[PDB]
>>> print(open('my_file-v8.txt').read())   # compact mmCIF, C-alpha atoms and all ligand atoms
# COMPACT_ATOMS: atom_id res chain seq x y z
CA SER A 57 -3.16 10.20 -12.22
CA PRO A 58 -6.79 9.07 -12.71
CA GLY A 59 -7.13 5.90 -10.55
CA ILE A 60 -5.95 7.67 -7.33
CA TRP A 61 -8.23 8.50 -4.46
CA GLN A 62 -7.86 9.81 -0.96
CA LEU A 63 -10.01 8.53 1.87
CA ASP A 64 -10.35 9.98 5.42
CA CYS A 65 -12.93 10.41 8.17
CA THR A 66 -13.84 13.70 9.83
CA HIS A 67 -16.14 14.30 12.76
CA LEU A 68 -19.16 16.57 13.00
CA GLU A 69 -21.93 16.79 15.56
CA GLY A 70 -20.76 13.58 17.18
CA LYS A 71 -20.93 11.64 13.89
CA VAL A 72 -18.38 10.31 11.40
CA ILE A 73 -18.13 11.48 7.83
CA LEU A 74 -16.18 9.35 5.37
CA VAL A 75 -14.80 11.59 2.56
CA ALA A 76 -13.23 10.24 -0.65
CA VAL A 77 -11.48 12.63 -3.00
CA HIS A 78 -10.56 11.85 -6.57
CA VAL A 79 -7.19 13.54 -6.39
CA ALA A 80 -6.79 14.57 -10.02
CA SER A 81 -10.22 16.33 -10.29
CA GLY A 82 -11.10 17.30 -6.73
CA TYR A 83 -14.41 15.39 -7.05
CA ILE A 84 -15.78 14.12 -3.79
CA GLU A 85 -18.00 11.43 -2.39
CA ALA A 86 -18.96 11.22 1.19
CA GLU A 87 -21.13 9.37 3.60
CA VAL A 88 -22.11 9.72 7.21
CA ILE A 89 -21.32 6.50 9.01
CA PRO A 90 -22.25 5.26 12.51
CA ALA A 91 -18.73 4.48 13.61
CA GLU A 92 -15.25 4.92 12.36
CA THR A 93 -14.83 1.26 11.65
CA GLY A 94 -12.81 -1.05 9.36
CA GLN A 95 -16.07 -2.63 8.16
CA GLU A 96 -17.68 0.67 7.21
CA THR A 97 -14.51 1.64 5.34
CA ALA A 98 -14.58 -1.66 3.49
CA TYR A 99 -18.17 -1.31 2.39
CA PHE A 100 -17.56 2.25 1.37
CA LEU A 101 -14.65 1.12 -0.86
CA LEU A 102 -16.77 -1.56 -2.45
CA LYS A 103 -19.37 0.99 -3.40
CA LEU A 104 -16.76 3.46 -4.62
CA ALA A 105 -14.98 0.84 -6.72
CA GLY A 106 -18.12 -0.23 -8.55
CA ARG A 107 -18.79 3.33 -9.63
CA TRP A 108 -15.29 4.48 -10.67
CA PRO A 109 -12.12 2.79 -11.89
CA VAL A 110 -10.35 2.83 -8.48
CA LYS A 111 -6.73 1.64 -8.66
CA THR A 112 -5.02 3.13 -5.67
CA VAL A 113 -6.12 4.62 -2.40
CA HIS A 114 -4.28 7.00 -0.03
CA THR A 115 -5.21 8.17 3.46
CA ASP A 116 -3.85 10.49 6.15
CA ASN A 117 -4.27 7.78 8.71
CA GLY A 118 -2.60 4.62 7.61
CA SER A 119 -3.98 2.62 10.48
CA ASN A 120 -7.46 2.97 8.77
CA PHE A 121 -6.34 0.28 6.27
CA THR A 122 -5.16 -2.21 8.75
CA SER A 123 -8.41 -4.18 9.27
CA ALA A 124 -8.75 -7.52 7.59
CA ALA A 125 -12.19 -6.45 6.17
CA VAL A 126 -10.56 -3.48 4.42
CA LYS A 127 -7.72 -5.54 2.96
CA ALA A 128 -10.22 -8.18 1.79
CA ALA A 129 -12.27 -5.47 -0.04
CA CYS A 130 -9.18 -4.06 -1.67
CA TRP A 131 -8.22 -7.56 -2.62
CA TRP A 132 -11.63 -8.35 -4.22
CA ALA A 133 -11.94 -5.06 -5.99
CA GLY A 134 -8.36 -4.99 -7.22
CA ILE A 135 -7.24 -1.91 -5.28
CA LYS A 136 -3.72 -1.11 -3.97
CA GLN A 137 -2.86 1.10 -1.02
CA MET A 154 -11.17 18.95 1.43
CA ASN A 155 -12.45 18.20 4.93
CA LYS A 156 -12.34 21.89 5.92
CA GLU A 157 -13.85 23.15 2.59
CA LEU A 158 -16.64 20.56 2.90
CA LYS A 159 -17.34 21.53 6.50
CA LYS A 160 -17.57 25.05 5.16
CA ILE A 161 -20.31 24.11 2.66
CA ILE A 162 -21.97 21.89 5.27
CA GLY A 163 -22.13 24.97 7.56
CA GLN A 164 -23.74 27.02 4.80
CA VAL A 165 -26.56 24.56 4.11
CA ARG A 166 -26.82 22.92 7.51
CA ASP A 167 -30.01 24.73 8.50
CA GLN A 168 -31.90 23.60 5.40
CA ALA A 169 -31.91 20.06 6.59
CA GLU A 170 -32.81 18.05 9.57
CA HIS A 171 -30.27 15.25 9.35
CA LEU A 172 -26.56 15.85 9.09
CA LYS A 173 -26.39 13.14 6.35
CA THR A 174 -28.74 15.19 4.25
CA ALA A 175 -26.60 18.32 4.72
CA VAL A 176 -23.50 16.38 3.76
CA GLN A 177 -25.04 15.24 0.45
CA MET A 178 -26.25 18.77 -0.24
CA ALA A 179 -22.71 19.90 0.36
CA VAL A 180 -21.17 17.22 -1.79
CA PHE A 181 -23.49 18.28 -4.59
CA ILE A 182 -22.61 21.96 -4.28
CA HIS A 183 -18.87 21.10 -4.13
CA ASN A 184 -19.01 18.88 -7.24
CA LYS A 185 -21.17 21.26 -9.36
CA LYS A 186 -19.31 24.56 -8.60
CA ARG A 187 -17.04 26.10 -11.38
CA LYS A 188 -14.00 28.17 -10.07
CA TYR A 194 -15.39 23.12 -15.49
CA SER A 195 -16.70 21.71 -12.13
CA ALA A 196 -15.09 18.86 -10.19
CA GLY A 197 -17.94 16.71 -11.50
CA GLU A 198 -17.06 17.42 -15.10
CA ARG A 199 -13.35 16.98 -14.61
CA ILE A 200 -13.59 13.55 -13.07
CA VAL A 201 -15.62 12.40 -16.06
CA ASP A 202 -13.34 14.05 -18.64
CA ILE A 203 -10.14 12.69 -16.99
CA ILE A 204 -11.56 9.23 -16.82
CA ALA A 205 -13.06 9.23 -20.35
CA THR A 206 -9.76 10.45 -21.73
CA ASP A 207 -8.06 7.49 -20.03
CA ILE A 208 -10.34 4.79 -21.69
CA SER B 57 -30.08 10.79 -23.85
CA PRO B 58 -27.43 11.26 -21.11
CA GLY B 59 -29.32 12.91 -18.20
CA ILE B 60 -31.99 10.13 -18.02
CA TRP B 61 -32.19 7.62 -15.23
CA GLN B 62 -34.58 4.94 -14.13
CA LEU B 63 -35.27 4.29 -10.48
CA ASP B 64 -37.17 1.32 -8.92
CA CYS B 65 -37.17 -0.85 -5.81
CA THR B 66 -36.99 -4.64 -5.79
CA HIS B 67 -37.27 -6.99 -2.85
CA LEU B 68 -34.85 -9.68 -1.70
CA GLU B 69 -34.63 -11.62 1.53
CA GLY B 70 -37.20 -9.37 3.13
CA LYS B 71 -35.23 -6.20 2.31
CA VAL B 72 -35.58 -3.38 -0.23
CA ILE B 73 -33.08 -2.68 -2.94
CA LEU B 74 -33.19 0.70 -4.67
CA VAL B 75 -31.77 0.35 -8.23
CA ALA B 76 -30.95 3.33 -10.48
CA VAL B 77 -30.07 2.72 -14.11
CA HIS B 78 -28.43 5.24 -16.38
CA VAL B 79 -30.57 4.39 -19.37
CA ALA B 80 -28.15 5.27 -22.16
CA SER B 81 -25.21 3.18 -20.78
CA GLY B 82 -26.84 0.51 -18.63
CA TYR B 83 -24.69 1.63 -15.65
CA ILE B 84 -26.23 0.93 -12.30
CA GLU B 85 -26.17 2.15 -8.74
CA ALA B 86 -28.00 0.46 -5.98
CA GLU B 87 -28.51 0.49 -2.27
CA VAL B 88 -30.22 -1.68 0.26
CA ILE B 89 -32.66 0.41 2.22
CA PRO B 90 -34.66 -0.33 5.39
CA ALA B 91 -38.04 0.55 3.97
CA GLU B 92 -39.53 1.46 0.68
CA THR B 93 -40.09 5.03 1.69
CA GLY B 94 -40.40 8.49 0.10
CA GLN B 95 -37.62 9.75 2.39
CA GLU B 96 -35.16 7.02 1.43
CA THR B 97 -35.91 7.70 -2.24
CA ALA B 98 -35.26 11.39 -1.70
CA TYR B 99 -31.94 10.87 -0.02
CA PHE B 100 -30.93 8.40 -2.67
CA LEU B 101 -31.67 11.00 -5.38
CA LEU B 102 -29.65 13.62 -3.58
CA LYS B 103 -26.66 11.32 -3.52
CA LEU B 104 -27.14 10.30 -7.14
CA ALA B 105 -27.48 13.90 -8.31
CA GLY B 106 -24.25 15.03 -6.70
CA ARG B 107 -22.31 12.32 -8.50
CA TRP B 108 -23.81 12.53 -12.02
CA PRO B 109 -25.55 15.20 -14.09
CA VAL B 110 -29.11 13.95 -13.40
CA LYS B 111 -31.76 15.79 -15.43
CA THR B 112 -34.70 13.47 -15.61
CA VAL B 113 -35.87 10.44 -13.71
CA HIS B 114 -38.29 7.66 -14.75
CA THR B 115 -39.79 4.84 -12.70
CA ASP B 116 -42.12 1.87 -13.20
CA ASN B 117 -44.13 2.93 -10.22
CA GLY B 118 -45.19 6.51 -10.51
CA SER B 119 -46.59 6.61 -7.02
CA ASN B 120 -42.91 6.40 -5.76
CA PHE B 121 -42.54 10.11 -6.69
CA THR B 122 -45.56 11.34 -4.94
CA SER B 123 -44.05 12.13 -1.51
CA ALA B 124 -43.34 15.71 -0.67
CA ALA B 125 -39.74 14.75 0.39
CA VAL B 126 -39.08 13.34 -3.08
CA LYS B 127 -40.49 16.37 -4.89
CA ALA B 128 -38.48 18.68 -2.61
CA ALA B 129 -35.24 16.78 -3.49
CA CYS B 130 -36.00 16.95 -7.18
CA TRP B 131 -36.73 20.61 -6.74
CA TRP B 132 -33.42 21.34 -4.94
CA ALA B 133 -31.31 19.26 -7.25
CA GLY B 134 -32.96 20.50 -10.42
CA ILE B 135 -34.44 17.17 -11.53
CA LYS B 136 -37.64 16.59 -13.58
CA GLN B 137 -39.81 13.50 -13.54
CA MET B 154 -32.04 -4.72 -14.77
CA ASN B 155 -33.69 -5.96 -11.58
CA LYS B 156 -33.69 -9.57 -12.81
CA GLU B 157 -30.10 -9.43 -14.23
CA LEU B 158 -28.89 -7.90 -10.95
CA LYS B 159 -30.67 -10.55 -8.90
CA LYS B 160 -28.87 -13.01 -11.13
CA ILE B 161 -25.43 -11.60 -10.22
CA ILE B 162 -26.51 -11.24 -6.58
CA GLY B 163 -27.34 -14.99 -6.62
CA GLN B 164 -23.91 -15.80 -8.02
CA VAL B 165 -21.96 -13.94 -5.33
CA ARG B 166 -24.44 -14.15 -2.49
CA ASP B 167 -22.52 -16.82 -0.59
CA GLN B 168 -19.30 -14.79 -0.51
CA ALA B 169 -20.84 -12.30 1.82
CA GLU B 170 -22.66 -12.14 5.04
CA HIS B 171 -24.85 -9.11 4.47
CA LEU B 172 -27.15 -8.74 1.51
CA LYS B 173 -25.94 -5.11 1.12
CA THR B 174 -22.44 -6.38 0.59
CA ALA B 175 -23.62 -8.86 -2.06
CA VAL B 176 -25.53 -6.10 -3.82
CA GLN B 177 -22.42 -3.90 -4.10
CA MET B 178 -20.38 -6.86 -5.29
CA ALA B 179 -23.03 -7.39 -7.91
CA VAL B 180 -23.19 -3.77 -8.92
CA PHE B 181 -19.42 -3.86 -9.40
CA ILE B 182 -19.51 -6.99 -11.54
CA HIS B 183 -22.40 -5.56 -13.61
CA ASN B 184 -20.63 -2.23 -14.24
CA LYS B 185 -17.18 -3.74 -15.05
CA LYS B 186 -18.33 -6.55 -17.43
CA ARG B 187 -17.70 -6.12 -21.26
CA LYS B 188 -20.30 -7.90 -23.57
CA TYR B 194 -16.65 -1.31 -23.31
CA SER B 195 -18.33 -1.92 -19.87
CA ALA B 196 -21.35 -0.04 -18.57
CA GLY B 197 -18.90 1.84 -16.34
CA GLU B 198 -16.91 3.08 -19.30
CA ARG B 199 -19.93 3.99 -21.36
CA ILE B 200 -21.51 6.18 -18.74
CA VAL B 201 -18.28 8.15 -18.49
CA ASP B 202 -17.77 8.39 -22.27
CA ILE B 203 -21.42 9.44 -22.91
CA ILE B 204 -21.25 12.06 -20.23
CA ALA B 205 -17.79 13.40 -21.18
CA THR B 206 -18.90 13.66 -24.78
CA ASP B 207 -21.85 15.76 -23.61
CA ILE B 208 -19.67 18.39 -21.74
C1 LIG A 301 -36.44 14.30 6.97
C2 LIG A 301 -36.63 15.20 5.76
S1 LIG A 301 -38.25 15.72 5.34
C3 LIG A 301 -37.80 16.67 3.99
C4 LIG A 301 -38.89 17.32 3.33
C5 LIG A 301 -38.69 18.53 2.71
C6 LIG A 301 -39.77 19.12 2.09
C7 LIG A 301 -41.01 18.48 2.18
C8 LIG A 301 -41.17 17.26 2.85
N1 LIG A 301 -40.09 16.69 3.42
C9 LIG A 301 -36.38 16.60 3.78
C10 LIG A 301 -35.71 17.30 2.71
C11 LIG A 301 -34.88 18.33 3.01
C12 LIG A 301 -33.78 18.70 2.00
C13 LIG A 301 -34.25 18.59 0.57
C14 LIG A 301 -33.19 18.96 -0.40
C15 LIG A 301 -35.33 19.61 0.26
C16 LIG A 301 -34.81 17.20 0.32
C17 LIG A 301 -35.89 16.75 1.33
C18 LIG A 301 -35.69 15.77 4.79
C19 LIG A 301 -34.27 15.52 4.81
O1 LIG A 301 -34.10 14.15 5.03
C20 LIG A 301 -34.18 13.27 3.87
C21 LIG A 301 -33.38 13.77 2.66
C22 LIG A 301 -33.73 11.89 4.38
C23 LIG A 301 -35.61 13.11 3.44
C24 LIG A 301 -33.62 16.23 5.95
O2 LIG A 301 -32.63 15.82 6.50
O3 LIG A 301 -34.12 17.36 6.37
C1 LIG A 302 -19.10 -8.44 7.81
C2 LIG A 302 -17.95 -8.69 6.84
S1 LIG A 302 -16.43 -9.28 7.47
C3 LIG A 302 -15.62 -9.37 5.96
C4 LIG A 302 -14.28 -9.85 6.04
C5 LIG A 302 -13.75 -10.56 4.99
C6 LIG A 302 -12.44 -11.01 5.11
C7 LIG A 302 -11.77 -10.74 6.31
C8 LIG A 302 -12.37 -10.04 7.36
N1 LIG A 302 -13.63 -9.59 7.20
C9 LIG A 302 -16.49 -8.93 4.90
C10 LIG A 302 -16.08 -8.90 3.52
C11 LIG A 302 -16.65 -9.75 2.64
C12 LIG A 302 -16.66 -9.37 1.15
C13 LIG A 302 -15.37 -8.72 0.72
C14 LIG A 302 -15.38 -8.36 -0.72
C15 LIG A 302 -14.20 -9.68 0.81
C16 LIG A 302 -15.09 -7.52 1.61
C17 LIG A 302 -15.12 -7.81 3.13
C18 LIG A 302 -17.83 -8.53 5.38
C19 LIG A 302 -18.89 -8.04 4.54
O1 LIG A 302 -19.44 -6.93 5.18
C20 LIG A 302 -18.77 -5.65 5.00
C21 LIG A 302 -18.40 -5.35 3.54
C22 LIG A 302 -19.71 -4.61 5.62
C23 LIG A 302 -17.50 -5.61 5.81
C24 LIG A 302 -19.98 -9.05 4.41
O2 LIG A 302 -21.13 -8.75 4.23
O3 LIG A 302 -19.69 -10.32 4.46
MG MG A 303 -8.72 9.63 8.60
MG MG A 304 -11.91 -6.07 10.54
MG MG A 305 -40.56 0.48 -8.10
MG MG A 306 -42.86 12.46 2.48
>>> encode(input="my_file-v8.txt", output="C-alpha cells", more="lines below")
Ligand SMILES: Cc1sc(-c2ccccn2)c(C2=CCC(C)(C)CC2)c1[C@H](OC(C)(C)C)C(=O)O
Ligand SMILES: Cc1sc(-c2ccccn2)c(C2=CCC(C)(C)CC2)c1[C@H](OC(C)(C)C)C(=O)O
Ligand SMILES: [Mg+2]
Ligand SMILES: [Mg+2]
Ligand SMILES: [Mg+2]
Ligand SMILES: [Mg+2]
Amino acid sequence: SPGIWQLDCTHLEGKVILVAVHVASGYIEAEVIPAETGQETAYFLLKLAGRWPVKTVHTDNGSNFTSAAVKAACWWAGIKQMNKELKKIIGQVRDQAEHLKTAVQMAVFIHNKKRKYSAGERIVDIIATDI
Amino acid sequence: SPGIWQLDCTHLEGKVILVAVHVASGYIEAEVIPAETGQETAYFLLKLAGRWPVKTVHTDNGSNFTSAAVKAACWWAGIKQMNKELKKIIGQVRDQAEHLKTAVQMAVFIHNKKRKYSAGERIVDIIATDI
C-alpha cells in the first residue's frame, strides 16, 4: 500500500542517520542528523510529506513518535502512525567523500537507481497508478 | 521535458533558501542553507538526483555552477547544465513556526499539494509516463 513509510535511525561514525523507506517500492530517503531527536524527526517528516503522499508511518522504535513536535507535524501534514544494505553501499563509496552525509546521499542514489525497474521507478509508478 | 529542473537561491530573514523547480510540473523542493555556497549547491544536487531522474539543470545565475564541487556532483550523478509565489506562502504560514526552515517546508508542502491535479501529482504522472 502506497502511502506507507518506515522511519528509523541508525548510527555510523558517531552520527545519526534517519532512513525512510517507502515500503511498497523499497525507495529510500535519508539524512544525517546531529542528534536523534523528536524535533529532527518532525522536520524530516515535514520535508518527506511535502514531496510524497505520506499517509501512514511505521517505525521499529515506537518511542520515536512520542514527542509533541512529532505528533504536531503528523497532525499538520495529515499523517497517521534497509539499514544494513545502506551501510553496505555507504561502505563501498565511503572513501570517495569527505563527509559522511555526502557518502549517505551517494549511497541513497545508488540504492534508488539500481535494477535487480529500480526502486526510484517503482515509487513513481506505484504512486502515479494510485492518482 | 521531464528531466529538467531549475535551481536558484533567494534570501529571507538574512538566510539563504535553495529552491529547485521541476519545470514541467511546477513541483518544488527547497532547503534553507547557511551560505550561498558551491558546496551546499553540490550537496543539494546530490540529494535531488537520488530522488528524481535529474538530467539537466538550469539556473538564473550561471556563476552558481562554476565551483569545482558543483561540477564534480553533476559529473558523478550524470547531470548536464516560483521564488515570489513561495515567499507568498512562506508569509502566510510564517507565524505558525519558530524557524524559517520549518516555514519553508510548510510552504513547500502547501505549494505541492494545492490544485488550481497538484504539482505533486503532476511530477509523478509525468515521470511515470516517461518510464
Ligand atoms: C567537501 C567536498 S569538496 C568536493 C569536491 C570534489 C571535487 C572537486 C571539488 N570539490 C566534494 C565532492 C565529493 C563527492 C562528489 C560526488 C564528487 C561531489 C563533490 C565534497 C563533498 O562534500 C560536499 C558534497 C558537501 C561538497 C564531500 O563530502 O567530500
Ligand atoms: C521548534 C519547534 S517545536 C514545535 C512543536 C509544535 C507543537 C508541539 C511541540 N513542538 C514545532 C512545530 C511547529 C510546526 C509543526 C507543523 C506543528 C511541526 C512542529 C517546531 C518547529 O521546528 C521543528 C519542525 C524543527 C520541530 C518550528 O520551527 O516551530
Ligand atoms: Mg529507530
Ligand atoms: Mg518535543
Ligand atoms: Mg540564484
Ligand atoms: Mg568549490
>>> calpha_fit_and_write(input="my_file-v8.txt", fixed="chain B", moving="chain A", output="compact mmCIF listing (two decimals) with C-alpha atoms, in the frame of the given file")
# COMPACT_ATOMS: atom_id res chain seq x y z
CA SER A 57 -30.08 10.80 -23.85
CA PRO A 58 -27.43 11.26 -21.11
CA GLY A 59 -29.32 12.92 -18.19
CA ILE A 60 -31.99 10.14 -18.02
CA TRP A 61 -32.19 7.62 -15.23
CA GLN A 62 -34.58 4.94 -14.13
CA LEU A 63 -35.27 4.29 -10.47
CA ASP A 64 -37.17 1.32 -8.92
CA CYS A 65 -37.16 -0.85 -5.81
CA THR A 66 -36.99 -4.64 -5.79
CA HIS A 67 -37.27 -6.99 -2.85
CA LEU A 68 -34.86 -9.67 -1.70
CA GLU A 69 -34.63 -11.62 1.53
CA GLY A 70 -37.21 -9.37 3.13
CA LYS A 71 -35.23 -6.20 2.31
CA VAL A 72 -35.58 -3.38 -0.22
CA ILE A 73 -33.07 -2.68 -2.94
CA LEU A 74 -33.19 0.70 -4.67
CA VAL A 75 -31.77 0.36 -8.23
CA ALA A 76 -30.95 3.33 -10.48
CA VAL A 77 -30.07 2.72 -14.11
CA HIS A 78 -28.43 5.24 -16.38
CA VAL A 79 -30.57 4.39 -19.37
CA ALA A 80 -28.15 5.27 -22.16
CA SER A 81 -25.21 3.18 -20.78
CA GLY A 82 -26.83 0.51 -18.63
CA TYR A 83 -24.69 1.63 -15.66
CA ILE A 84 -26.22 0.93 -12.30
CA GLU A 85 -26.18 2.14 -8.74
CA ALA A 86 -28.00 0.46 -5.98
CA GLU A 87 -28.51 0.50 -2.28
CA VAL A 88 -30.22 -1.68 0.26
CA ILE A 89 -32.66 0.42 2.22
CA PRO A 90 -34.66 -0.33 5.40
CA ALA A 91 -38.04 0.55 3.97
CA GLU A 92 -39.53 1.46 0.68
CA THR A 93 -40.08 5.03 1.69
CA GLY A 94 -40.40 8.49 0.10
CA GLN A 95 -37.62 9.75 2.39
CA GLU A 96 -35.17 7.02 1.43
CA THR A 97 -35.91 7.70 -2.24
CA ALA A 98 -35.26 11.39 -1.70
CA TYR A 99 -31.93 10.86 -0.02
CA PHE A 100 -30.93 8.40 -2.67
CA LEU A 101 -31.67 11.00 -5.38
CA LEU A 102 -29.64 13.61 -3.58
CA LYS A 103 -26.65 11.33 -3.52
CA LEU A 104 -27.14 10.30 -7.14
CA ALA A 105 -27.48 13.90 -8.32
CA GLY A 106 -24.25 15.03 -6.70
CA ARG A 107 -22.32 12.33 -8.50
CA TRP A 108 -23.82 12.53 -12.01
CA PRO A 109 -25.54 15.20 -14.08
CA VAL A 110 -29.11 13.94 -13.40
CA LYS A 111 -31.76 15.79 -15.43
CA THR A 112 -34.70 13.47 -15.61
CA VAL A 113 -35.87 10.44 -13.72
CA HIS A 114 -38.29 7.66 -14.75
CA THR A 115 -39.79 4.84 -12.70
CA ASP A 116 -42.11 1.87 -13.20
CA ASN A 117 -44.13 2.93 -10.22
CA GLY A 118 -45.19 6.50 -10.51
CA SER A 119 -46.59 6.61 -7.02
CA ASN A 120 -42.92 6.39 -5.76
CA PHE A 121 -42.54 10.10 -6.68
CA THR A 122 -45.57 11.34 -4.94
CA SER A 123 -44.05 12.13 -1.51
CA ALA A 124 -43.34 15.72 -0.67
CA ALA A 125 -39.75 14.76 0.39
CA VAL A 126 -39.08 13.34 -3.08
CA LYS A 127 -40.49 16.37 -4.89
CA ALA A 128 -38.48 18.68 -2.61
CA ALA A 129 -35.24 16.78 -3.49
CA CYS A 130 -36.00 16.95 -7.18
CA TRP A 131 -36.73 20.61 -6.74
CA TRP A 132 -33.41 21.34 -4.94
CA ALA A 133 -31.31 19.26 -7.25
CA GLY A 134 -32.96 20.50 -10.42
CA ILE A 135 -34.44 17.17 -11.53
CA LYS A 136 -37.64 16.59 -13.58
CA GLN A 137 -39.81 13.49 -13.54
CA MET A 154 -32.04 -4.72 -14.77
CA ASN A 155 -33.69 -5.96 -11.58
CA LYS A 156 -33.69 -9.58 -12.81
CA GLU A 157 -30.10 -9.42 -14.24
CA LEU A 158 -28.89 -7.90 -10.95
CA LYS A 159 -30.67 -10.56 -8.90
CA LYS A 160 -28.87 -13.01 -11.13
CA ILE A 161 -25.43 -11.60 -10.22
CA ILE A 162 -26.51 -11.24 -6.58
CA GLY A 163 -27.34 -14.99 -6.62
CA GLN A 164 -23.91 -15.80 -8.02
CA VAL A 165 -21.96 -13.94 -5.33
CA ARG A 166 -24.44 -14.16 -2.48
CA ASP A 167 -22.52 -16.83 -0.59
CA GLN A 168 -19.30 -14.80 -0.51
CA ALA A 169 -20.83 -12.30 1.81
CA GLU A 170 -22.66 -12.14 5.04
CA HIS A 171 -24.85 -9.11 4.48
CA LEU A 172 -27.15 -8.75 1.51
CA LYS A 173 -25.94 -5.10 1.12
CA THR A 174 -22.44 -6.37 0.59
CA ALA A 175 -23.62 -8.85 -2.06
CA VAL A 176 -25.53 -6.10 -3.82
CA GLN A 177 -22.42 -3.89 -4.10
CA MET A 178 -20.38 -6.86 -5.30
CA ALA A 179 -23.04 -7.39 -7.91
CA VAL A 180 -23.19 -3.77 -8.92
CA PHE A 181 -19.43 -3.86 -9.40
CA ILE A 182 -19.51 -6.99 -11.54
CA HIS A 183 -22.40 -5.56 -13.62
CA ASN A 184 -20.63 -2.23 -14.23
CA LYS A 185 -17.18 -3.73 -15.05
CA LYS A 186 -18.33 -6.55 -17.43
CA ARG A 187 -17.70 -6.12 -21.26
CA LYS A 188 -20.30 -7.90 -23.57
CA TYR A 194 -16.65 -1.31 -23.31
CA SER A 195 -18.32 -1.92 -19.88
CA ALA A 196 -21.35 -0.04 -18.56
CA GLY A 197 -18.90 1.84 -16.35
CA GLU A 198 -16.91 3.08 -19.30
CA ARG A 199 -19.93 3.99 -21.36
CA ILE A 200 -21.51 6.18 -18.74
CA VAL A 201 -18.28 8.15 -18.49
CA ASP A 202 -17.77 8.39 -22.27
CA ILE A 203 -21.42 9.45 -22.90
CA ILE A 204 -21.25 12.06 -20.23
CA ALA A 205 -17.78 13.39 -21.18
CA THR A 206 -18.90 13.66 -24.78
CA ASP A 207 -21.85 15.76 -23.62
CA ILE A 208 -19.67 18.40 -21.73
>>> residues_near_ligand(input="my_file-v8.txt", ligand="ligand MG 304 (chain A)", cutoff="9 Å", atoms="all atoms listed in the file", output="list in words")
residues 93, 94, 95, 98, 122, 123, 124, 125, 126 and 127 of chain A
>>> interface_residues(input="my_file-v8.txt", of="chain A", to="chain B", cutoff="9 Å", atoms="all atoms listed in the file", output="MDAnalysis selection string")
chainID A and resid 83:85 99 102:103 105:109 132:133 173:174 177:185 194 197:206 208
>>> residues_near_ligand(input="my_file-v8.txt", ligand="ligand MG 305 (chain A)", cutoff="9 Å", atoms="all atoms listed in the file", output="NGL selection string")
:B and (63-66 or 74-75 or 92 or 115-120)
>>> atom_distance(input="my_file-v8.txt", atom1="CA of residue 136 in chain B", atom2="CA of residue 77 in chain A")
28.5 Å
>>> atom_distance(input="my_file-v8.txt", atom1="CA of residue 62 in chain A", atom2="atom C20 of ligand LIG 302 (chain A)")
19.8 Å
>>> atom_distance(input="my_file-v8.txt", atom1="atom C21 of ligand LIG 301 (chain A)", atom2="CA of residue 159 in chain A")
18.2 Å
